[PDB]
Amino acid sequence: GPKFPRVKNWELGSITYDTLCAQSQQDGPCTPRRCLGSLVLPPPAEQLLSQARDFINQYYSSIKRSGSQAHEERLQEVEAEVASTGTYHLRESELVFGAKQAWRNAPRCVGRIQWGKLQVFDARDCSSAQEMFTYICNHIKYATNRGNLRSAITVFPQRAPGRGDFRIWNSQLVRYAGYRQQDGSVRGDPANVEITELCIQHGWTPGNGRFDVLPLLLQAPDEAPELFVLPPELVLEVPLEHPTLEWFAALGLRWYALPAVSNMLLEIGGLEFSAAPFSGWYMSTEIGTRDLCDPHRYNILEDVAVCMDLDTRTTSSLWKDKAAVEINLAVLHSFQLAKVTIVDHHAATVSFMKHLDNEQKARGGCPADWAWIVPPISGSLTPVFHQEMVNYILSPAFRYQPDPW
Amino acid sequence: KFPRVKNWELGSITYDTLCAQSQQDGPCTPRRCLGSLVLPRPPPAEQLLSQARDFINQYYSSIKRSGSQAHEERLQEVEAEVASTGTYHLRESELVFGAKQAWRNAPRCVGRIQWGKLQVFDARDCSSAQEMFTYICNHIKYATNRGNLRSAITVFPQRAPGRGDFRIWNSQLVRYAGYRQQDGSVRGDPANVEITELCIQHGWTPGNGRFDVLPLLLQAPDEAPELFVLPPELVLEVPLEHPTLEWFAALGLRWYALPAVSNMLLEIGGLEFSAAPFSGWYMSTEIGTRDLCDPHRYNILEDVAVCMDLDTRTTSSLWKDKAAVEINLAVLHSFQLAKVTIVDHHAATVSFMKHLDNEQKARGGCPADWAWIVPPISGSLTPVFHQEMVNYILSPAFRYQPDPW
Ligand code: HEM
Ligand code: HEM
Ligand SMILES: N=C(NCCC[C@H](N)C(=O)N[C@H]1CN[C@H](C(N)=O)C1)N[N+](=O)[O-]
Ligand SMILES: N=C(NCCC[C@H](N)C(=O)N[C@H]1CN[C@H](C(N)=O)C1)N[N+](=O)[O-]
Ligand SMILES: C[C@H](O)[C@H](O)[C@H]1CNc2nc(N)[nH]c(=O)c2N1
Ligand SMILES: C[C@H](O)[C@H](O)[C@H]1CNc2nc(N)[nH]c(=O)c2N1
Ligand SMILES: [Zn+2]
């Protein structure tokens, strides 16, 4: 049949072929000898120019003016800018197109049905840590919108030759502190012990709770990072309660409303935006299963199982499974009660299947990372578990980058 | 070169050096990962001879007599047979070592900690479908052992040039019939409609129940398959009930005790055994989650949810998750009550992590398919979810093969 990967849905028996992978210009980690699909982690005017031309071609194709006079003029304008300056700059409309395409192209994101609705904030005129903080606060206010969350990304100046990078040191705009204890344990979020100590080293006076919002460490080019505390009024949080287990509220658990990844690099046409925080809204399992139940995170499974009086002495009682379902239900219930946007894993995966169908028609495929798209609880109860997926790298893209310290 | 493998829950790292022994290519390439696909899209004497030498070498190393006199002689015998006849035959001890190694090498099996304990039945002297049936009956009795299941494999004659294969048409030795009804609905197991129809077409008088055990369609070389009904007393079944929901037993559900894949090909030293049924014992999620809850299988989720009087109006009530957990609990409870061997997914995954460590020390790694090792429910609540894995093909191996019709 067709000389492209054949992809099957085992629940429905349907088949599609992915032709979009032909547009990939970057290799992944796999080879015919071994699959590394489950691993978490993966300028010369010569390569920059090829990447820029490819992106300009993508942009002109998107506005249906491929091969037009304007297309050819833009291409020559980029070559001349690179020729004399070693780099180039994107037009406003090109940046918007690029950021939306990077989201659309993200294999690990199950929320891509929303890709065309992204609000892109242009902050390429930023020149200091203080101004970065103002842009970030504005992003947070706009995105949170008192609970009716709106997808958004704020783009700071791109990396420049011979000049330091703009960087947000925090992994997310909102994260809880993790305090290493005398006995070696951690009060708060164990995932954030390093960033927490860095904040302390930079003058932050730490709290002592389990849910203390961390300050931001913002770095303008060639300067030590500066510390900024987020005004509490801007950080929306949701106290957690359960619809039928009245004692759940007594555990004093809570989570923040805005998921805002802030340490990824946005690559568009060879240009690199080292600081471009983006945010959408939470899928409930992110909080209920991973943040609260991972053994290396808050690890609350046993505490909740004990309150439910389950037999935590043996695996066959499925106490972990029962407690996790209740915790996830509490997260959903609590956000709904607080009128804060959130999506359950069944609804998110159903919407992602719709996205796959949309993209099959629009582009001939959709890069997706099965291990990340299938939720952490109830995997086979969702439609995505039964859908084969092809994973490849397309640009524009969001990519991991080394920590700045 | 060697892939770095990390466990994100513990922070530990290992390097897989075993993948270097892989001689057969998988589906991925640097351009795209197809790790989530279920199925892949006389032989030259020289190739066969190299596969045979490698295998004989593996065997003599296993009994610590590498380079010995017996080793050299055996190598000479295989060479002589292939040179004169184009093929060769394994000695029984080699067949036993080879079957255990194929299990040990199976990337999709989470039960490999048991690999060294396997009863191997040599059925290579079988010359008719009737004889196949006797060996299959003895396999089932031995493996079932009145509920104290014992791992076993029965090996029928290898494939030979220009001659039809010995084949078992059924996908497993014990499976429930699936009957197409007028309205296109199915009574029984939808996954088995095709084989059920073949059995009828070959003279089976069908039942009309939801749990009717299918007869076996056995095929000797170049002859039509013959039908054999399994003596009811040999097929141990477990009636499903719930420890606290009295009405569950009323659903009239049941499952068989013995999982016994019968359509895979066993490859050892270049030789291929097209009929080599194997069996261990079930991991509870196979029955509770996939067989009973898959939408395209018995699909009982909604019925159970309604019996539990859950709110099936919206996905946000997590009714699917709550029902799934209770069904899995019923399976565990029922098998333990019937005194039939079964392992829950927590215990199985914990044992698989021990197996990974044992193999890292023994061979420098372990091929594993992450999407298949992580259980269909409660994925992140198990240790394997947080463990990076490397997938590759080692030989001896179990492989898929085309359906015989
Ligand atoms: C609108 C709602 C959205 C939802 C529900 C959603 C949901 C998700 C989920 C569940 C993941 C996996 C996160 C994890 O397990 O760590 C993910 C990853 C990701 N999302 Fe989305 N997403 C949304 C919006 C966005 C937006 C606005 C962007 C970018 C403009 C985006 C870009 C990404 C990227 C790049 C990743 C991978 C991050 C990583 O590798 O850690 N998502 N998303
Ligand atoms: C001792 C009990 C064992 C347990 C608990 C166990 C468990 C499993 C599970 C849960 C799977 C995935 C099945 C699926 O989702 O379809 C599997 C696959 C597999 N197991 Fe094991 N297994 C056991 C014994 C065996 C034995 C004795 C052999 C062979 C000698 C074996 C060979 C395989 C192979 C080749 C696969 C992949 C089958 C496929 O691709 O459909 N297993 N096993
Ligand atoms: N819904 C999300 N999710 C992504 C951010 C939240 C996610 N649950 C998280 O905490 N991400 C961290 C932990 N794991 C990622 C990694 N690669 O290590 C980063 N984003 N969005 O824009 O709407
Ligand atoms: N526990 C197992 N499990 C494997 C066989 C049972 C499994 N639940 C099953 O029904 N397998 C079918 C459906 N999926 C596989 C495939 N590749 O299509 C075959 N094996 N064993 O020997 O102990
Ligand atoms: C080792 C394994 O790749 C790792 O635990 C992955 C699996 N799937 C995931 N899926 C999502 N969405 N998020 C994660 O952090 C992970 N972690
Ligand atoms: C499409 C996807 O590969 C498919 O549904 C896989 C996922 N993981 C699985 N894992 C196991 N153990 N068994 C299966 O049948 C599957 N099916
Ligand atoms: Zn791969």
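Residues numbered from 1 in each chain as written, not as in the entry; some residues may be left out. Chains lettered and ligands numbered in written order. Heavy atoms only, no water.

Taking the PDB entry as the reference, chain B is identified by name as Nitric-oxide synthase, endothelial belonging to Bos taurus.

For chain A, the PDB entry supplies the name Nitric-oxide synthase, endothelial and the organism Bos taurus.

Novice: Just checking my understanding: could you explain the side chain of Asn328 of chain B for this structure?
Specialist: Within the element layout of this structure, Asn328 of chain B appears in helix α8 (residues 319-337). Of note is the side chain of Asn328 of chain B, whose polar atom sits 3.0 Å from the side chain of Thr289 of chain B. Residue contacts for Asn328 of chain B: discarding those within four places in its chain leaves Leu318 of chain A together with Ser284, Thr285, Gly288, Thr289 and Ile377 of chain B. (Helix = DSSP H or I, 4+ residues; strand = E, 2+ residues; numbered from the N terminus. Polar contact = N/O pair within 3.5 Å; in protein donor to acceptor, adjacent residues only side chain to side chain. Contact = heavy atoms within 4.5 Å.)

Novice: What should I look at first to understand the interface of chain A and chain B in this one?
Specialist: It is common to give the size of an interface as the accessible area that goes away when the parts come together. Listed as interface residues are 65 residues of chain A and, on the opposing side, 65 residues of chain B. Of the roughly 5400 Å² buried between chain A and chain B on both sides combined, carbon and sulfur atoms contribute 61%. Contact with chain B buries area across many residues of chain A, yet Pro32, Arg33 and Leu381 of chain A alone supply 12% of it, more than any other trio. The tally of links between chain A and chain B comes to 0 salt bridges. Along the contact surface separating chain A from chain B lie 25 residue pairs in polar contact. Among the secondary structure elements, those contributing two or more residues to the side of chain A that touches chain B are α6 (284-293), α8 (319-337), α9 (345-363) and α10 (370-373) of chain A. In terms of residues, the side of chain A that touches chain B owes the most to one element, α8 of chain A, which gives 10 residues. (Buried area = accessible area lost by both parts, 1.4 Å probe. Salt bridge = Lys/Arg side-chain N within 4 Å of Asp/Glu carboxyl O.)

Novice: What am I meant to see in the site of ligand 3 here?
Specialist: Residues and elements named next belong to chain A. Around ligand 3, the surrounding shell consists of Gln172, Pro259, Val261, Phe278, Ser279, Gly280, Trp281, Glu286, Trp372 and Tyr400. A distance of 2.8 Å separates an oxygen atom of ligand 3 from a polar atom in the side chain of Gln172. With the chains in place, 65% of the 560 Å² that ligand 3 exposes on its own is no longer accessible. (Near = heavy atom within 4 Å. Areas by Shrake-Rupley, 256 points an atom, 1.4 Å probe, with all protein chains shown as cover.)

Novice: When you look at the pairing of strand β8 (residues 216-219) of chain B in this model, what are you seeing that I'm missing?
Specialist: Regular strands place their side chains on alternate faces of the sheet. All names here are of chain B. Here β8 shows two buried faces, one formed by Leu216 and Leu218 and the other by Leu217 and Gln219. The pairing of strand β5 (residues 167-168) with β8 spans 2 bridges and is classified as antiparallel. Considered in β8, the bridge of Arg167 is made with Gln219. Relative to strand β9 (residues 226-228), β8 runs antiparallel, the two sharing 3 bridges. Note that in β9 the partner of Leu218 across the bridge is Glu226. (Buried < 20%, exposed > 50% of the residue type's maximum accessible area, 1.4 Å probe, protein only. Pairing = 2+ DSSP bridges.)

Novice: Just to check I follow, could you spell out the site of ligand 4 for this structure?
Specialist: All names here are of chain B. As a structural note, the neighbourhood of ligand 4 is formed by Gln172, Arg175, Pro259, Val261, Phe278, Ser279, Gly280, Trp281, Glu286, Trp372 and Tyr400. Between ligand 4 and the protein, one listed contact pairs an oxygen atom with a side-chain N or O atom of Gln172 at 3.0 Å. At 3.1 Å, a side-chain N or O of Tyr400 approaches a nitrogen atom of ligand 4. The residue inventory of the shell around ligand 4, partitioned by class, reads 6 nonpolar, 3 polar and 2 charged. (Nonpolar A, V, L, I, M, F, W, Y, C, P; charged D, E, K, R; others polar.)

Novice: Is there a simple way to think about the domain arrangement of chain A in this case?
Specialist: All names here are of chain A. Domain parsing of chain A yields domain 1 (18-124 + 151-161 + 265-279 + 349-373), domain 2 (125-150 + 165-236 + 400-404) and domain 3 (237-259 + 282-347). Taking only C-alpha atoms into account, the centre of domain 1 sits 35 Å from that of domain 3. In this complex, domain 1 contributes 6 residues to the contact, which on the side of domain 3 involves 6 residues. Here domain 1 and domain 3 share an interface that buries about 390 Å² over both sides, 48% of which is from carbon and sulfur atoms. Considering only the surface of domain 1 that becomes buried against domain 3, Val110, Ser279 and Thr349 emerge as the three largest contributors, covering 74% of it. Applying the counting rule to domain 1 against domain 3 returns 0 salt bridges. (Domains from an automatic or database assignment.)

Novice: Looking at this structure, how should I read the sheet that holds strand β14 (residues 271-273) of chain B?
Specialist: Adjacent strands of a sheet form backbone hydrogen bonds with each other and so pair up, either parallel or antiparallel. Residues and elements named next belong to chain B. Taking strand neighbours across the sheet as the criterion, the 3 strands line up as β14-β13-β18 in an open arrangement whose pairing is antiparallel. Of all the strands in the sheet, just β14 and β18 (397-399) have a single pairing partner and so form its edges. Pairwise comparison of adjacent strand axes, ignoring direction, gives a mean angle of 30 degrees for this sheet. With 3 bridges joining them, strand β13 (residues 265-268) and β18 adopt antiparallel strand pairing. Paired with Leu265 across the two strands is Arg399, which belongs to β18. (Axes fitted to C-alpha atoms, helices over the stretch in contact; angles between N-to-C directions.)

Novice: How should the coordination of the iron atom of ligand 2 be read in this particular structure?
Specialist: Put simply, the ideal angle at a metal is 109.5 degrees for four donors in tetrahedral geometry and 90 or 180 degrees for six donors in octahedral geometry. Donation to the iron atom of ligand 2 from the protein comes from one atom only, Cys109 of chain B (SG), at 2.3 Å. Looking at where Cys109 of chain B falls in the secondary structure, it is placed in the loop between α3 (92-105) and β3 (119-122). (Donors = N, O, S within 2.8 Å, 3.2 Å for Na, K, Ca; no water.)

Novice: Please explain the pattern of salt bridges as it appears in this structure.
Specialist: Any two side chains of opposite charge can pair, given that their charged atoms come close. Evaluation of the coordinates by the stated rule reveals 34 salt bridges over all chains. Note that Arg297 of chain A is salt-bridged to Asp291 of chain A, the shortest N-O span being 2.8 Å. With relative accessibility at 12%, the residue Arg297 of chain A sits in the buried group. The exposure class of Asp291 of chain A is buried, given its relative accessible area of 8%. Residue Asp311 of chain B pairs with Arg313 of chain B through a salt bridge whose shortest N-O separation is 2.5 Å. Within this structure, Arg74, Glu77, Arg91 and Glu94 of chain A form a network of salt bridges that share partners.

Novice: Got a minute to help me understand the packing of helix α3 (residues 92-105) of chain A against α9 of chain A in this structure?
Specialist: When two helices pack together, their arrangement is given by the angle between the helix axes and by the axis-to-axis distance. Residue and element names in this part refer to chain A. Running from amino to carboxyl end, α3 crosses α9 at an angle of 120 degrees, the nearest separation of the two axes being 13 Å. Relative to α9, the element α3 is oriented oblique. Residues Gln101, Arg104 and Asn105 of α3 lie in contact with α9, whose contacting residues are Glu359, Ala362 and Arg363. Partitioned by chemical class, the residues of the contact of α3 with α9 number 1 nonpolar, 2 polar and 3 charged. (Parallel < 35°, antiparallel > 145°, perpendicular 65-115°, else oblique.)

Novice: Would you mind going over unusual backbone geometry with me for this structure?
Specialist: With the exception of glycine, most residues fall at negative phi, and the peptide bonds are largely trans. For the peptide bond that leads from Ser395 of chain A to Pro396 of chain A, omega is 0 degrees, which places it in the cis range. Following the sequence through the fold, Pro396 of chain A ends up in the loop between α10 and β16 (397-399). A cis amide bond links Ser395 of chain B with the next residue in sequence, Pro396 of chain B, at an omega value of 0 degrees. Within the fold, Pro396 of chain B resides in the loop between α10 (370-373) and β18. Positive phi values are uncommon outside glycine, yet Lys64 of chain A reaches one of about 60 degrees.

Novice: Quick question: what am I supposed to make of empty space enclosed by the protein here?
Specialist: Empty space among the atoms becomes visible once a probe the size of a water molecule is rolled across them. Put simply, the largest cavity is a space of about 240 Å³. If you trace the largest cavity, you find 19 residues lining it, with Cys35, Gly37 and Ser38 of chain A together with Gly35 and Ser36 of chain B closest to the centre. Looking at the lining of the largest cavity residue by residue, the classes come out as 11 nonpolar, 6 polar and 2 charged. Together, 18 residues line the second largest cavity, and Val374 and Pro375 of chain A together with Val374, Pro375 and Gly379 of chain B are the ones closest to its centre. Elements supplying a minimum of two residues to the lining of the second largest cavity: α10 of chain A together with α10 of chain B. Across the lining of the second largest cavity, the residue classes tally to 14 nonpolar, 4 polar and no charged. (1 Å grid on protein atoms, 1.4 Å probe; cavity = no way out; pocket = protein on both sides within 12 Å on 5 of 7 lines; lining within 4 Å. Points joined across faces, edges and corners; volume = space filled by probe spheres on them.)

Novice: Looking at this structure, how should I read the packing of aromatic side chains?
Specialist: For the structure on display, the rule yields 36 aromatic pairs over all chains. Taken together, a centroid distance of 6.0 Å and an interplanar angle of 50 degrees make the contact between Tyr256 of chain A and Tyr282 of chain A tilted. Residue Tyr256 of chain A is found in strand β11 (residues 254-256), and its partner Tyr282 of chain A is found in the loop between β15 (278-279) and α6; the two are separated by 26 residues along the sequence. Look at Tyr256 of chain A and you get buried, because its relative accessible area is 1%. Overall, the relative accessible area of 3% leaves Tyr282 of chain A in the buried class. Their ring planes at 40 degrees and their centres at 5.8 Å tell us that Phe55 of chain B and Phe97 of chain B sit as a pair that is tilted. One end of the pair, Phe55 of chain B, is in helix α1 (residues 45-62); the other, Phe97 of chain B, is in helix α3, with 42 residues separating them in the sequence. Overall, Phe97 of chain B belongs to the buried group, its relative accessible area being 13%. Taken together through their ring pairs, the aromatic side chains of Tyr176, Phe211, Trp255, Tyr256, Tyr282 and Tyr298 of chain A make up a single cluster. Across the ring face of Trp8 of chain B, the terminal group of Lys6 of chain B is positioned such that the distance to the ring centre comes to 4.0 Å. One cation-aromatic arrangement involves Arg150 of chain B over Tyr142 of chain B; the distance from NZ or CZ to the ring centre is 3.8 Å. (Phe/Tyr/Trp six-rings, centres within 6.5 Å; stacked < 30°, edge-to-face > 60°. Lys NZ or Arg CZ within 6 Å of the ring centre and 35° of its normal.)

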